[PDB]
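Per-entry structural report
What follows is the residue order along each chain.
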Amino acid sequence: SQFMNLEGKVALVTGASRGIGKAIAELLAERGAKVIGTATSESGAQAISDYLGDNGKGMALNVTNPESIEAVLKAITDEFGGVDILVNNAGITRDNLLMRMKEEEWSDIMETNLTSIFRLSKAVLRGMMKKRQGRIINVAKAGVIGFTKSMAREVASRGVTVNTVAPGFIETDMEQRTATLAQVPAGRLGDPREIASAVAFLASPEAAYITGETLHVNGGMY
Amino acid sequence: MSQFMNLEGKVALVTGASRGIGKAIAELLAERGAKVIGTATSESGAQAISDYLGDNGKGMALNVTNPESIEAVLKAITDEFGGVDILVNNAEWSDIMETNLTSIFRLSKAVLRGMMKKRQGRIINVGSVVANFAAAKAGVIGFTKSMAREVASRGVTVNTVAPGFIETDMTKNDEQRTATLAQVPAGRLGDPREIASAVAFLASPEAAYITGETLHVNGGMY
Amino acid sequence: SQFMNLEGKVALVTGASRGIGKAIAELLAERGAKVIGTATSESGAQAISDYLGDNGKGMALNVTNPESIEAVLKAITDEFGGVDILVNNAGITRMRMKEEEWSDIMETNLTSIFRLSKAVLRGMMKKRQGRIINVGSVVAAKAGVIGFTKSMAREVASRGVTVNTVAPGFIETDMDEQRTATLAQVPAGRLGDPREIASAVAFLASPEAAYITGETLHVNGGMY
Amino acid sequence: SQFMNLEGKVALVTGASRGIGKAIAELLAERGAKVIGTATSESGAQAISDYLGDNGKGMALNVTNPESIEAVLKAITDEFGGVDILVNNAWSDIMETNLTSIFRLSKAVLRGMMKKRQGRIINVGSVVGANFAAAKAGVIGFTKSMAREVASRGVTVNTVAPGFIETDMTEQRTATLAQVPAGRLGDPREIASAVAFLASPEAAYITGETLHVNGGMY
């Protein structure tokens, strides 16, 4: 039906090889989007191509490298058209033990988690604003929420919305679980499909009047 | 049609459903398969709701300020349709406190015993459309978050949808219109269908891990 | 010195008989404010008068009652001048409960804030000078406090009045080894002291905080 | 009095030669801190020495250079003691480089503070006057991550986020002002007040926070 229909929309999903990212790309495809997901390797890309099938493809992308970003977007633009939906989900959620890390390892954690969001968002934004139509959904640092709301204010008048989905404890591959559960009023972990549901809602034409929002999907955790 | 955002088999009670935001909510819930009972203050209100719902539901007269009306309306619903699965509360200091805040609490409390026994329920409080406006919203939000914490573990979510400037009769002068619009980064009024979309998202099985949330549908306004 | 000096400022602190409220009132007085704290009873009021001494007094106030509010403010205005600083701290930190008990919890926790803030605001805005500081609960249902603060801040900013929230975490109040359970949630690894909530409030109440409004200042050991 | 008293505290304030940075260093000195401010040149350093007088001194520091950082800190440690308060003040390259200095300086002073169970790190965002959102987002992210990691050892890490402050950068004045609900620019002394509050013993239970000093702007 016409309800939450993404047919004719080109969606780029970063970090799409498993868990939350793969749920997002699959659901966006189920709702009619043409989906391009990314992984850090070619076998990651290929696996994304496998599960998307005719609904999209995978591409290898290093979020920290402006050359990779520029090439990946050219490839997308040539084959599919300008990006209409951008889901920034790439992140190395890798034991931030800041005090003990080397400066170059710390540069990489920041470029991957934060700077990449800015770079990707900036690159797709020109097209969306020219079109008067776009969705950027950021799924890293707590600076993400600030960046979302600042960018949302700036681009709202040109038909582009910018929103954050903030997950709680989601069941990924990563006992002492009962310890975690006690912090969640719903008393259970989230399913990655429930983050994807939120993202997909925000990506729809029906969410055109929601921008600058943080959608918490966390079992009541606040 | 599909299993996505499917409310088939769900009984929804929508208060204040005779026009605008309330009627958009009830219609969309019906489109997605819900059995919808909307309410108005009069029997001709009720009858007009019956008219537009058709086989997908009915209208009933309800005075939210009266515990006797509330108890009768729910008995009638329970007998004919089953227990309520989805409740949409849509409707100076005395006005705010007593009328709004108390009715919401009473209705929510009455449907909650069933939902918690079932381990399944949705309560969605819709704030009013943009002195005491900030106070009325503060109150609804405080009730949402307190009640969400208490019932989350028993499979019931409680959320607020906070509208900005939505196009209704009240908002329809030219000086004053263009004055309002300037405060909205999206540069246009909201459509009642967009408040309905948000409510229906929160009412779905897919939104099971969202509770205690305020979903602003306001073109970036706050 | 001239730094964080509240001399010549009339400060009304609700719920000032103990803990957070009394620390706020004492510190405001230390920094030169003329402080009126409130309790629900006259013996509450008298005890507040005792610990304030020459720096202020206690008055009986029921925050849920528009008559009590109007009387308490008249009494303050006549004797001290218009209120310059308002600390909304009153709150009963005590559900399938009866609906009238629930009405009371909301009127006392939230509606009172709106009523007191509104009452003192005419004077402050005429003066182009005022501080309203809402102190959130330490433990709920005050969650609307942050929204109200920000809406109200936007509206009155241009007339020289700031409106801010101080949001406490786990503070050591009157309040076993179920304590270690609480502590585990706090990255600083200890409870807050009521003097630390008071330090925050007094900062926000100073002339130096004139350009901060619409803020929530979390005093919670890193908790969120 | 004992209220907001920084006596016996050693404060390092980067970019301290003018505006916000100079207001921060002067206020910290007023409240009793022994203050070391920094500039990019030796004449910057000397001008900081001039206005601090007996309350501190200026040193030349290049924040982008690990050798300068290590030398400046040794010199400070030898003469004054470990740094108790650190105020980090004053497009892809600009963000990587500025964010990197903050991390390096903070990391260098942190070993001492955590051994002491006492420290304040206050990161001051740049003044509003696009990529600006990116630079702020980064400082805020670093603040909150680092704050979580060191909180248990008595150190707090906080951001002060200024709006439109009256400085040299700041007829289009009126254009800017319209965006500020308070209807006026901030004074650098008001950013300094905020920093000094966060640097006090009284703010020991505030960490991971962004304190906006912006006339209601957000």
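For this coordinate set, the PDB header names X-ray crystallography as the determination method and states a resolution of 2.45 Å.

1. Topic: the overall build of chain C
Looking only at helices and strands, chain C has seven helices and seven strands in total. Secondary structure of chain C in N-to-C order comes out as β-α-β-α-β-α-β-α-β-α-β-α-α-β. Over its C-alpha atoms chain C spans a radius of gyration of 17 Å, differing by no more than 12% from the 17 Å that the globule rule assigns to 224 residues. Counting only C-alpha atoms and orienting by the principal axes, one finds that chain C spans roughly 50 × 45 × 35 Å.

2. Let's talk about the overall build of chain A
On a plain count of helices and strands, chain A comes out with seven helices and seven strands. What you see in chain A, going N to C, is helices and strands ordered as β-α-β-α-β-α-β-α-β-α-β-α-α-β. The globule rule puts the C-alpha radius of gyration for 222 residues at 17 Å, and the 17 Å found for chain A is close to it.

3. Side note on the sheet that holds strand β2 (residues 34-39) of chain D
Within a beta sheet, neighbouring strands are joined by backbone hydrogen bonds and run either parallel or antiparallel to one another. Residues and elements named next belong to chain D. Spatially, seven strands are ordered β3-β2-β1-β4-β5-β6-β7 in an open sheet, and the strand pairing comes out parallel. One side of each edge strand has no neighbouring strand; the edge strands of this open sheet are β3 (56-60) and β7 (210-213). For this sheet the average axis-to-axis angle between neighbouring strands, irrespective of direction, equals 20 degrees. As defined by bridge partners, strand β1 (residues 10-13) adjoins β2 across four bridges and the pair is classed as parallel.

4. Quick word on the interface of chain B and chain C
Interfaces are often sized by the amount of accessible area the parts lose when they come together. Across the contact, 19 residues belong to chain B and 17 residues belong to chain C. Taken together, the elements giving at least two residues each to the side of chain B that touches chain C come down to α4 (93-118) and α5 (133-151) of chain B. Considering every element that reaches the side of chain B that touches chain C, the biggest residue donor is α5(B), with ten residues. Along the lines of polarity and charge, the residues of the side of chain B that touches chain C split into ten nonpolar, five polar and four charged.

5. Topic: the interface of chain B and chain A
In this complex, chain B contributes 38 residues to the contact, which on the side of chain A involves 35 residues. Buried area between chain B and chain A, both sides added, is near 3100 Å², and the carbon and sulfur share of it is 59%. When the buried area of chain B at its contact with chain A is split by residue, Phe4(B), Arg149(B) and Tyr209(B) rank highest and sum to 28% of it. The tally of links from chain B across to chain A stands at zero salt bridges. At the surface where chain B touches chain A, the tally comes to 19 residue pairs in polar contact. Those elements that provide at least two residues to the side of chain B that touches chain A are α5, α7 (192-202) and β7 (214-217) of chain B. Tallied by class, the residues present in the side of chain B that touches chain A amount to 20 nonpolar, eleven polar and seven charged.

6. Looking at the pattern of salt bridges
Scanning the model with the defined rule gives 22 salt bridges over all chains in all. Salt-bridge contacts for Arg119(A) lead to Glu111(A); the nearest nitrogen and oxygen are separated by 2.8 Å. Judged by relative accessible area, which is 17%, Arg119(A) ranks as buried. Where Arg106(B) meets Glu99(C), a salt bridge forms, and the shortest distance between an N and an O atom there is 2.8 Å. With one member in each of two chains, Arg106(B) in helix α4 and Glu99(C) in helix α4 (residues 99-127) form a pair that bridges those chains. Given the relative accessible area of 18%, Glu99(C) is considered buried.

7. Here we look at the pairing of strand β4 (residues 85-88) of chain A
Residue and element names in this part refer to chain A. Both faces of β4 are covered, namely the face carrying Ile85 and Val87 and the face carrying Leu86 and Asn88. Alignment of strand β1 (residues 10-13) against β4, held across three bridges, turns out to be parallel. For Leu12, the partnering residue across the bridge sits in β4 and is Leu86. Crossover connection from β4 via helix α4 (residues 103-131) to parallel strand β5 (residues 134-138): handedness right-handed.

8. Considering unusual backbone geometry
A positive phi angle, close to 55 degrees, is found at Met4(A), a residue other than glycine. Position of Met4(A) relative to the elements: it lies in the segment before β1. Despite not being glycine, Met5(B) shows a phi value in the positive range, around 55 degrees. Relative to the helices and strands, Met5(B) is located in the segment before β1 (11-14). Note on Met5(B): relative accessible area 3%, which makes it buried.

9. Examining the sheet that holds strand β4 (residues 85-88) of chain C
Residue and element names in this part refer to chain C. Spatially, the seven strands line up as an open sheet ordered β3-β2-β1-β4-β5-β6-β7, and their pairing is parallel. Unpaired on one side and paired on the other, β3 (56-60) and β7 (216-219) mark the two borders of the sheet. Geometrically, the sheet is characterised by an average inter-axis angle of 20 degrees between neighbouring strands, direction not taken into account. As paired elements, β4 and strand β5 (residues 130-135) share four bridges and run parallel to each other. Paired with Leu86 across the bridge in β5 is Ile132. Relative to the sheet, helix α3 (residues 66-79) contacts β1 (10-13), β2 (34-39) and β3, its axis offset from that of β3 by approximately 160 degrees.

10. Digging into the nonpolar core
Within the largest apolar cluster, 82 residues are counted, with the highest numbers of intra-cluster contacts made by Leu28(A), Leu29(B) and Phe201(B). Apart from the residues within four sequence positions on either side, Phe201(B) is in contact with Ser197(A), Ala198(A), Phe201(A), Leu215(A), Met5(B), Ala207(B), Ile210(B) and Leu215(B). Formed by 79 residues, the second largest nonpolar core is a distinct cluster that contains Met223(C), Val35(D), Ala39(D) and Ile165(D).

11. Things to note about the packing of helix α7 (residues 192-202) of chain A against α7(B)
Direction vectors running N to C along α7(A) and α7(B) enclose 170 degrees, while the axes themselves pass 12 Å from each other. For the element pair α7(A) / α7(B), the angle class is roughly antiparallel. Along its contact with α7(A), which presents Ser197(A), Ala198(A) and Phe201(A), the element α7(B) presents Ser197(B), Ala198(B) and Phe201(B). The class makeup of the residues in the contact of α7(A) with α7(B) is four nonpolar, two polar and no charged.

12. Focus: a positive patch on the surface
All names here are of chain A. Together, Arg126, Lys130, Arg132 and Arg158 line one region of the surface with positive charge. Mapped onto the secondary structure, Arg158 falls in the loop between α5 (143-155) and β6 (160-167). Judged by its relative accessible area of 40%, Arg158 is partly exposed.

13. Some words on the packing of aromatic side chains
Summed over the entire model, instances satisfying the criterion amount to eight aromatic pairs over all chains. Ring centres of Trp106(A) and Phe142(D) lie 6.2 Å apart, and the angle between their planes is 90 degrees; on these two criteria the pair is classed as edge-to-face. Taken as a pair, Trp106(A) in helix α4 and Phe142(D) in helix α5 (residues 132-150) lie in two separate chains rather than in one. In this structure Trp106(A) comes out as buried when scored by relative accessible area, which is 6%. Centre to centre, the rings of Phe105(B) and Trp102(C) are 4.7 Å apart; their planes meet at 10 degrees, and the pair counts as stacked. Of this pair, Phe105(B) sits in helix α4 while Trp102(C) sits in helix α4, each in a different chain. Comparing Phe105(B) with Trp102(C) shows no difference in burial state: the two are buried. Ring-pair connections join several aromatic residues into one group, and the members of that group are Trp106(A), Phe103(D) and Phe142(D). Over the face of the ring belonging to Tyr222(A) we find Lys145(B), whose NZ or CZ atom lies 5.1 Å from the ring centre. Sitting over the face of the ring of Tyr218(D), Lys150(C) holds its NZ or CZ atom 5.2 Å from the ring centroid.

Procedures and definitions
Residues numbered from 1 in each chain as written, not as in the entry; some residues may be left out. Chains lettered and ligands numbered in written order. Heavy atoms only, no water. Residues with missing side-chain atoms left out of burial classes, pairs and counts. Helix = DSSP H or I, 4+ residues; strand = E, 2+ residues; numbered from the N terminus. Rg over C-alpha atoms; globule rule 2.2 N^0.38 Å. Pairing = 2+ DSSP bridges. Axes fitted to C-alpha atoms, helices over the stretch in contact; angles between N-to-C directions. Contact = heavy atoms within 4.5 Å. Nonpolar A, V, L, I, M, F, W, Y, C, P; charged D, E, K, R; others polar. Buried area = accessible area lost by both parts, 1.4 Å probe. Salt bridge = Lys/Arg side-chain N within 4 Å of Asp/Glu carboxyl O. Polar contact = N/O pair within 3.5 Å; in protein donor to acceptor, adjacent residues only side chain to side chain. Buried < 20%, exposed > 50% of the residue type's maximum accessible area, 1.4 Å probe, protein only. Right-handed = clockwise from strand over helix to strand, strands pointing away. Core = buried A, V, L, I, M, F, W, Y, C linked by side-chain atoms within 4.5 Å. Parallel < 35°, antiparallel > 145°, perpendicular 65-115°, else oblique. Patch = residues over 30% accessible without salt bridge, like charges linked within 9 Å, V, L, I, M, F, W, Y side chains within 5 Å. Areas by Shrake-Rupley, 256 points an atom, 1.4 Å probe, with all protein chains shown as cover. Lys, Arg positive; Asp, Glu negative; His and termini not counted. Charge placed at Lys NZ, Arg CZ, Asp CG, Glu CD. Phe/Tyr/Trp six-rings, centres within 6.5 Å; stacked < 30°, edge-to-face > 60°. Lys NZ or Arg CZ within 6 Å of the ring centre and 35° of its normal.

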